[PDB]
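A.B. asks: Please see the structure below; I have some questions.
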There are 2 protein chains.
Amino acid sequence: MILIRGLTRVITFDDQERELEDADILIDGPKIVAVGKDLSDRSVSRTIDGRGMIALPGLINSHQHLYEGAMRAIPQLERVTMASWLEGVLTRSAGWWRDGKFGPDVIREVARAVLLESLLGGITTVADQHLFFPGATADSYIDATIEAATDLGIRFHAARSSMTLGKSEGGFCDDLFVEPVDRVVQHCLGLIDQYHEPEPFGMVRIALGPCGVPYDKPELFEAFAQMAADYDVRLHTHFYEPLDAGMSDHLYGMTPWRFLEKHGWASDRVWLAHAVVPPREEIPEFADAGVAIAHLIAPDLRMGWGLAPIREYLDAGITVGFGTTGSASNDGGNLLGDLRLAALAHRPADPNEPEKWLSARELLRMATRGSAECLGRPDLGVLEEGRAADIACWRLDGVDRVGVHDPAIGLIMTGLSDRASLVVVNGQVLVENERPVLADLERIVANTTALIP
Amino acid sequence: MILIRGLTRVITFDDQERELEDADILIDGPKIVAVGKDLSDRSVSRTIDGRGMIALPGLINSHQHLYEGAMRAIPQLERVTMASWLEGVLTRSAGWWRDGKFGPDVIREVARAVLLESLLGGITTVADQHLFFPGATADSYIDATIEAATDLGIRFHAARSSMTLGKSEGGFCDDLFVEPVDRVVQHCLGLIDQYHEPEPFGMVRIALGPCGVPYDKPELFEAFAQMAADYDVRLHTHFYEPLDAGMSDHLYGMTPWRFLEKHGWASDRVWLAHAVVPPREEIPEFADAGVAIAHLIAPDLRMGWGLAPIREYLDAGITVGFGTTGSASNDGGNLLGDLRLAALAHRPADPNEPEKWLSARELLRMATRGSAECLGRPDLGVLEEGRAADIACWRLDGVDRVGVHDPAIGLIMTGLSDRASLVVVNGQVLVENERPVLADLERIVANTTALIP
Ligand SMILES: [Zn+2]
Ligand SMILES: [Zn+2]
């Protein structure tokens with residue numbers, strides 16, 4: 001067993017919202033044995049000094065696009081609206097691929113860098129949505145991301161994505177960038193069979209993740225609804241980005257939500273990215289259907305889209321998680337940092353009603369238990385006996401956090417660095433003293449840097 | 001001389017916005033001798049390896065309230081409007097003071113911690129506006145902040161503040177903080193005598209800094225205007241916070257700007273904090289007067305105030321700098337991190353006009369040359385021969401910055417940490433390898449922590 005002893009603060013996000021001061025966490029293999037004061041070192045082979053740290057459940061990034069790690073801080077994409085951005089991302093990936101610079105071997109190393117950054121930011125589970133499948137067959141991009149995740153020991157969900165609707169039939173995505181529906185469906189069946197670990201504490205899971213209503217055929221949504229039921233997997237897509245409702249109205253005469261409902265996606269199998277601009281009248285329907293929503297504050301601001309109605313979702317009892325999206329519209333993978341953006345940016349929408357503003361604890365819950373719920377993981381996101389030993393800890397004793405009265409608020413509101421001190425995934429210590437203990441950091445940086453087009 | 005050799009990127013903010021790749025900076029005493037490729041090491045006693053770093057002028061925080069370092073992450077102040085915030089801050093400061101827990105000795109150590117954090121975040125100059133003068137005579141609070149700054153070697157401007165308008169004599173300030181105008185003027189003259197270093201590369205400067213139009217007598221503004229011209233010092237106050245216009249209309253029957261103009265503050269000696277909600281028709285007047293504005297995105301969002309019209313200011317040719325304000329409304333001193341907040345949060349105000357969005361380079365200029373201009377420092381904020389050797393460098397070769405195409409944009413848009421690698425102030429190396437060279441970090445944390453009420 002591993003004992004983390006004397007943590008200054010432990011935030012459990014359990015059903016009573018318990019927190020503890022000067023307390024311990026005991027781990028046995030993949031699971032937490034106990035969380036409490038003065039735990040027995042009875043059968044402990046290693047004790048870790050937690051004094052001066054705050055411990056949370058590992059952060060869970062419920063929406064990534066890992067391959068975009070190769071597209072950070074491109075000047076031509078710094079200040080662009082969505083149409084220009086998407087064109088720029090699609091054309092660069094296709095161009096680099098055509099030139100032999102962007103195959104699965106490159107994506108493997110880009111994924112490795114972004115996932116290692118994720119671990120260093122206290123993120124223990126990442127859900128990636130990968131849509132890039134150029135050419136005549138679906139190449140081993142998903143396999144590559146899974147290989148990187150497995151090598152690092154980070155918990156991983158792969159939501160296989162696509163664009164199946166071309167401009168010729170109402171999609172805002174060129175035919176060149178379009179895949180046949182049957183090819184997508186066939187590929188997903190194989191991925192589930194090869195990789196999906198449905199058991200508690202499973203380290204790799206597959207989800208079905210169309211890019212969205214403006215990008216994919218209704219037939220794909222229906223195929224995936226059937227596949228999800230048959231194989232007991234989850235469903236993910238983008239939802240209510242600003243131009244979406246215009247597209248669905250024009251093509252189908254209905255809202256994006258009504259479209260999802262018609263095609264089998266109004267269910268508790270589903271988590272939805274962004275959800276920036278739904279009609280208010282649909283919010284109770286999201287709640288009744290049991291869909292979950294991932295708040296992605298950074299891209300919502302970066303694209304000029306604005307503020308998702310997160311308070312309204314919480315009021316309605318809808319599950320709200322958190323994510324970063326990909327590094328071409330963030331442009332980092334720093335989930336903890338992005339929580340600060342949300343804590344501050346929502347406030348001016350309700351200048352005279354601060355009770356509506358999202359609190360630090362609400363945001364930390366979104367990034368842990370909320371994201372776990374988005375991914376369908378009752379085994380994650382909570383520090384309590386029987387849950388996965390996925391733990392992230394930050395030091396509280398730096399000069400940049402002097403004067404902090406509440407350490408949980410301090411995690412969001414103070415600091416020069418979001419680097420986690422100690423990170424455990426599946427009971428394995430992966431980061432200590434802000435440095436990877438198993439991954440070869442310097443080698444990974446060098447190798448991936450050499451491969452960036 | 002000191003040579004920093006082989007910097008990967010140098011951003012000068014000189015008159016032609018020059019940048020350099022694989023270049024050097026040569027320093028002699030307090031000044032930059034040269035910036036360019038393959039500089040001679042003929043007169044050099046120390047060479048520092050700059051490979052893998054980006055170098056900027058040191059960041060300049062043009063608006064702080066250092067004493068608020070002791071008031072971070074207080075649950076009762078997490079989500080509050082300004083009225084509640086001000087009451088909570090004033091009540092705590094006065095209460096702690098009355099109980100002997102908040103004298104200049106405590107403020108010295110709080111300042112030391114926040115200023116060390118500042119250095120670690122690449123900030124080489126701070127302008128503090130100390131807002132706490134309990135009782136009749138003003139204690140050595142300013143002296144305490146200056147002592148901390150001088151001990152650390154950070155360049156420092158102290159804007160002497162006040163609340164000269166009593167809440168009784170029709171005002172908005174607790175009478176316990178109300179000093180006679182002549183007492184304030186006298187303290188300022190003494191501070192100038194004792195501390196002001198008007199020569200180029202001066203390390204301590206005094207500014208004259210009323211809290212604001214709702215807080216100070218017109219007589220103080222006029223006295224300060226006279227002093228500014230005669231001593232060649234600068235003038236600083238808060239400007240166009242929400243509700244200020246109503247307060248000014250009630251007290252004086254004119255706008256906050258009209259008030260400043262009437263009392264001598266419509267001049268190029270002035271920099272103004274926040275400037276969130278001016279009447280648009282006054283903006284050309286600000287420009288004609290030559291006043292400068294410090295953008296403070298974090299408190300503007302934290303208080304629910306919203307987005308200052310920064311693009312409008314830039315369009316009008318108004319000098320724009322940047323600051324963090326105090327740690328009771330931030331709640332950190334991380335200027336670089338706050339730039340990212342501004343980069344993103346301004347965008348949804350102009351969803352269809354990305355050319356209006358603030359660029360990374362515009363923001364980095366605000367935090368360097370713009371802030372230098374706010375403070376009246378033509379010797380700072382630019383990496384060029386003859387300017388002060390105030391330099392901040394960040395590493396570009398971490399795993400969290402893999403895939404970055406433009407390092408300047410990357411500094412704003414990526415990363416787990418805003419910690420600077422190498423920091424030089426007045427030609428003195430103060431941070432290397434992210435660690436203080438001279439300051440005892442652990443002792444400072446322990447000592448200051450012990451004194452937080
Ligand atoms: Zn996405
Ligand atoms: Zn202020």
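Following the order of the structure tokens, chains are lettered A, B, ..., residues in each are numbered from 1, and ligands are numbered from 1.
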With only C-alpha atoms considered, list every residue of chain A at most 7 Å from chain B, as an MDAnalysis selection string.
C.D. replies: chainID A and resid 69:75 79:81 113 117 121 301:302 304:306 330:332 334 341 344:345 347:348 350:352 354:355 357 398:400 402:406 409:410 413:419 445 449 452
A.B. asks: Might you pull out every residue within 9 Å of residue 320 (chain B), with only C-alpha atoms counted and same-chain residues fewer than 5 positions away left off, and present them as an NGL selection string?
C.D. replies: :B and (292-295 or 310 or 313-314 or 365-367 or 370-371 or 373-374)
A.B. asks: Keeping only C-alpha atoms, take the residues you just selected and write them out as a CSV table (one decimal), in the first residue's frame.
C.D. replies:
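Contents of the output file out.csv:
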chain,number,residue,atom,x,y,z
B,292,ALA,CA,-2.3,57.4,-19.6
B,293,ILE,CA,-4.5,54.5,-18.6
B,294,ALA,CA,-3.6,51.3,-16.8
B,295,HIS,CA,-5.8,48.3,-17.9
B,310,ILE,CA,-9.1,49.3,-24.6
B,313,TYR,CA,-8.1,53.9,-26.2
B,314,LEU,CA,-5.5,52.4,-28.6
B,365,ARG,CA,3.6,46.0,-25.0
B,366,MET,CA,1.0,47.2,-22.5
B,367,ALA,CA,2.8,45.2,-19.7
B,370,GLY,CA,3.0,50.9,-22.0
B,371,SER,CA,3.4,50.6,-18.2
B,373,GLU,CA,5.0,55.2,-20.2
B,374,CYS,CA,2.3,55.3,-17.5
A.B. asks: Running DSSP on the backbone, which parts of region 261-436 of chain A land in strand (DSSP E), as a PyMOL selection string?
C.D. replies: chain A and resi 270-274+292-295+319-322+391-395+422-425+428-432+435-436
A.B. asks: Would you list the contacts of residue 207 (chain A) as a list in words, taking every protein, DNA or RNA residue within 9 Å and counting only C-alpha atoms, but skipping same-chain residues closer than 2 positions in sequence?
C.D. replies: residues 127, 129, 157, 158, 159, 160, 188, 192, 196, 205, 209, 228, 233, 234, 235, 236 and 375 of chain A
A.B. asks: Output as a ChimeraX atom specification all residues of region 157-338 of chain A that backbone DSSP marks as helix (DSSP H, G or I).
C.D. replies: /A:167-169,175-177,181-195,218-231,244-252,256-262,280-289,297-302,310-315,335-338
A.B. asks: Using only C-alpha atoms and all ligand atoms, determine which residues fall within 7 Å of ligand 1, then list them as a PyMOL selection string.
C.D. replies: chain A and resi 63-65+238+273+325-326
A.B. asks: Based on the selection just made, write N, CA, C and O atoms of those residues as an mmCIF file, in the first residue's frame.
C.D. replies:
data_model
loop_
_atom_site.group_PDB
_atom_site.id
_atom_site.type_symbol
_atom_site.label_atom_id
_atom_site.label_comp_id
_atom_site.auth_asym_id
_atom_site.auth_seq_id
_atom_site.Cartn_x
_atom_site.Cartn_y
_atom_site.Cartn_z
ATOM 1 N N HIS A 63 -12.764 17.062 -22.698
ATOM 2 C CA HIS A 63 -12.788 17.381 -24.131
ATOM 3 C C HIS A 63 -11.433 17.917 -24.600
ATOM 4 O O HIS A 63 -11.079 19.056 -24.308
ATOM 5 N N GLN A 64 -10.687 17.076 -25.318
ATOM 6 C CA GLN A 64 -9.409 17.434 -25.943
ATOM 7 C C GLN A 64 -9.465 17.167 -27.447
ATOM 8 O O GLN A 64 -10.325 16.423 -27.928
ATOM 9 N N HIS A 65 -8.545 17.796 -28.172
ATOM 10 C CA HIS A 65 -8.218 17.414 -29.550
ATOM 11 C C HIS A 65 -6.692 17.373 -29.588
ATOM 12 O O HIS A 65 -6.043 18.374 -29.892
ATOM 13 N N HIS A 238 -20.083 18.090 -30.243
ATOM 14 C CA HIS A 238 -20.152 19.527 -29.996
ATOM 15 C C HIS A 238 -21.623 19.959 -30.022
ATOM 16 O O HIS A 238 -22.455 19.313 -30.669
ATOM 17 N N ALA A 273 -20.230 19.025 -25.716
ATOM 18 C CA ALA A 273 -19.196 20.049 -25.561
ATOM 19 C C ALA A 273 -19.695 21.450 -25.889
ATOM 20 O O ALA A 273 -20.401 21.647 -26.881
ATOM 21 N N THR A 325 -10.578 21.801 -24.548
ATOM 22 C CA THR A 325 -10.480 21.615 -25.997
ATOM 23 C C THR A 325 -9.025 21.523 -26.467
ATOM 24 O O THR A 325 -8.097 21.432 -25.656
ATOM 25 N N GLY A 326 -8.843 21.491 -27.779
ATOM 26 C CA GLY A 326 -7.526 21.319 -28.359
ATOM 27 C C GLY A 326 -6.677 22.573 -28.340
ATOM 28 O O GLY A 326 -7.170 23.693 -28.216
#
A.B. asks: Please indicate the distance in Å from CA of residue 23 (chain A) to CA of residue 391 (chain A), rounded to one decimal place.
C.D. replies: 14.2 Å
A.B. asks: Please measure the separation of CA of residue 61 (chain B) and CA of residue 76 (chain B), giving the value in Å to one decimal.
C.D. replies: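 Between CA of residue 61 (chain B) and CA of residue 76 (chain B) the gap works out to 27.0 Å.
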A.B. asks: For each of B:241, B:38, B:219, B:147, take the minimum atom-to-atom distance to ligand 2, counting only C-alpha atoms and all ligand atoms, then give the residue where this is smallest.
C.D. replies: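 Result for the nearest residue to ligand 2: B:241.
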A.B. asks: Using CA of residue 107 (chain A) and CA of residue 395 (chain B) as the two end points, give the distance in Å to one decimal.
C.D. replies: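 These two atoms are separated by 24.2 Å.
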A.B. asks: Which is closer to ligand 2 than all the others in B:47, B:162, B:324, B:194, using only C-alpha atoms and all ligand atoms?
C.D. replies: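 Counting only C-alpha atoms and all ligand atoms, the residue closest to ligand 2 is B:324.
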A.B. asks: Please identify all polymer residues within 12 Å of residue 264 (chain B), counting only C-alpha atoms, omitting same-chain residues fewer than 6 positions from it, and present them as a ChimeraX atom specification.
C.D. replies: /B:218-229,235,257-258,270,289,291
A.B. asks: Any chance you can output those residues with N, CA, C and O atoms as a PDB file, in the first residue's frame?
C.D. replies:
ATOM      1  N   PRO B 218     -11.218  68.142  -3.659  1.00  0.00           N
ATOM      2  CA  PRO B 218     -10.680  68.810  -4.846  1.00  0.00           C
ATOM      3  C   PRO B 218      -9.394  69.556  -4.513  1.00  0.00           C
ATOM      4  O   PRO B 218      -8.509  69.686  -5.361  1.00  0.00           O
ATOM      5  N   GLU B 219      -9.299  70.051  -3.281  1.00  0.00           N
ATOM      6  CA  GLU B 219      -8.106  70.763  -2.830  1.00  0.00           C
ATOM      7  C   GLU B 219      -6.864  69.879  -2.900  1.00  0.00           C
ATOM      8  O   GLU B 219      -5.765  70.360  -3.193  1.00  0.00           O
ATOM      9  N   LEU B 220      -7.032  68.587  -2.637  1.00  0.00           N
ATOM     10  CA  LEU B 220      -5.895  67.676  -2.718  1.00  0.00           C
ATOM     11  C   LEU B 220      -5.458  67.490  -4.167  1.00  0.00           C
ATOM     12  O   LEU B 220      -4.268  67.526  -4.474  1.00  0.00           O
ATOM     13  N   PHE B 221      -6.419  67.307  -5.065  1.00  0.00           N
ATOM     14  CA  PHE B 221      -6.089  67.193  -6.483  1.00  0.00           C
ATOM     15  C   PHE B 221      -5.310  68.408  -6.984  1.00  0.00           C
ATOM     16  O   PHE B 221      -4.315  68.267  -7.693  1.00  0.00           O
ATOM     17  N   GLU B 222      -5.757  69.606  -6.606  1.00  0.00           N
ATOM     18  CA  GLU B 222      -5.081  70.823  -7.042  1.00  0.00           C
ATOM     19  C   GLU B 222      -3.678  70.962  -6.445  1.00  0.00           C
ATOM     20  O   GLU B 222      -2.735  71.334  -7.150  1.00  0.00           O
ATOM     21  N   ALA B 223      -3.539  70.636  -5.164  1.00  0.00           N
ATOM     22  CA  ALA B 223      -2.234  70.688  -4.505  1.00  0.00           C
ATOM     23  C   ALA B 223      -1.267  69.732  -5.191  1.00  0.00           C
ATOM     24  O   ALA B 223      -0.104  70.056  -5.424  1.00  0.00           O
ATOM     25  N   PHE B 224      -1.761  68.547  -5.518  1.00  0.00           N
ATOM     26  CA  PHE B 224      -0.924  67.549  -6.165  1.00  0.00           C
ATOM     27  C   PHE B 224      -0.539  67.965  -7.581  1.00  0.00           C
ATOM     28  O   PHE B 224       0.586  67.723  -8.023  1.00  0.00           O
ATOM     29  N   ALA B 225      -1.463  68.583  -8.305  1.00  0.00           N
ATOM     30  CA  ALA B 225      -1.155  69.058  -9.648  1.00  0.00           C
ATOM     31  C   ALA B 225       0.009  70.048  -9.600  1.00  0.00           C
ATOM     32  O   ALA B 225       0.933  69.983 -10.422  1.00  0.00           O
ATOM     33  N   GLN B 226      -0.032  70.963  -8.638  1.00  0.00           N
ATOM     34  CA  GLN B 226       1.054  71.922  -8.468  1.00  0.00           C
ATOM     35  C   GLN B 226       2.374  71.219  -8.172  1.00  0.00           C
ATOM     36  O   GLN B 226       3.397  71.510  -8.801  1.00  0.00           O
ATOM     37  N   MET B 227       2.344  70.298  -7.212  1.00  0.00           N
ATOM     38  CA  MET B 227       3.535  69.545  -6.823  1.00  0.00           C
ATOM     39  C   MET B 227       4.114  68.763  -8.000  1.00  0.00           C
ATOM     40  O   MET B 227       5.330  68.711  -8.185  1.00  0.00           O
ATOM     41  N   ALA B 228       3.244  68.153  -8.796  1.00  0.00           N
ATOM     42  CA  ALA B 228       3.705  67.368  -9.939  1.00  0.00           C
ATOM     43  C   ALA B 228       4.563  68.193 -10.900  1.00  0.00           C
ATOM     44  O   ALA B 228       5.647  67.770 -11.295  1.00  0.00           O
ATOM     45  N   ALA B 229       4.081  69.375 -11.272  1.00  0.00           N
ATOM     46  CA  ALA B 229       4.813  70.228 -12.202  1.00  0.00           C
ATOM     47  C   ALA B 229       6.133  70.705 -11.601  1.00  0.00           C
ATOM     48  O   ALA B 229       7.157  70.756 -12.287  1.00  0.00           O
ATOM     49  N   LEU B 235       1.155  61.744 -11.327  1.00  0.00           N
ATOM     50  CA  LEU B 235      -0.137  61.758 -10.658  1.00  0.00           C
ATOM     51  C   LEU B 235      -0.893  60.487 -11.010  1.00  0.00           C
ATOM     52  O   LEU B 235      -0.923  60.091 -12.170  1.00  0.00           O
ATOM     53  N   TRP B 257     -14.337  62.872 -15.168  1.00  0.00           N
ATOM     54  CA  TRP B 257     -13.364  63.515 -16.047  1.00  0.00           C
ATOM     55  C   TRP B 257     -13.410  65.041 -15.961  1.00  0.00           C
ATOM     56  O   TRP B 257     -12.372  65.702 -15.907  1.00  0.00           O
ATOM     57  N   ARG B 258     -14.619  65.590 -15.969  1.00  0.00           N
ATOM     58  CA  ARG B 258     -14.793  67.034 -15.876  1.00  0.00           C
ATOM     59  C   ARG B 258     -14.170  67.542 -14.578  1.00  0.00           C
ATOM     60  O   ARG B 258     -13.527  68.592 -14.555  1.00  0.00           O
ATOM     61  N   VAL B 270      -0.260  62.331 -15.817  1.00  0.00           N
ATOM     62  CA  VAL B 270      -1.268  61.532 -15.121  1.00  0.00           C
ATOM     63  C   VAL B 270      -1.415  60.118 -15.690  1.00  0.00           C
ATOM     64  O   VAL B 270      -1.467  59.947 -16.910  1.00  0.00           O
ATOM     65  N   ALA B 289      -5.549  65.403 -23.866  1.00  0.00           N
ATOM     66  CA  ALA B 289      -4.897  65.775 -22.611  1.00  0.00           C
ATOM     67  C   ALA B 289      -3.587  65.024 -22.378  1.00  0.00           C
ATOM     68  O   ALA B 289      -2.708  65.499 -21.654  1.00  0.00           O
ATOM     69  N   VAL B 291      -3.365  61.937 -21.030  1.00  0.00           N
ATOM     70  CA  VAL B 291      -3.392  61.049 -19.876  1.00  0.00           C
ATOM     71  C   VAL B 291      -3.134  59.611 -20.322  1.00  0.00           C
ATOM     72  O   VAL B 291      -3.412  59.235 -21.469  1.00  0.00           O
TER      73      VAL B 291
END
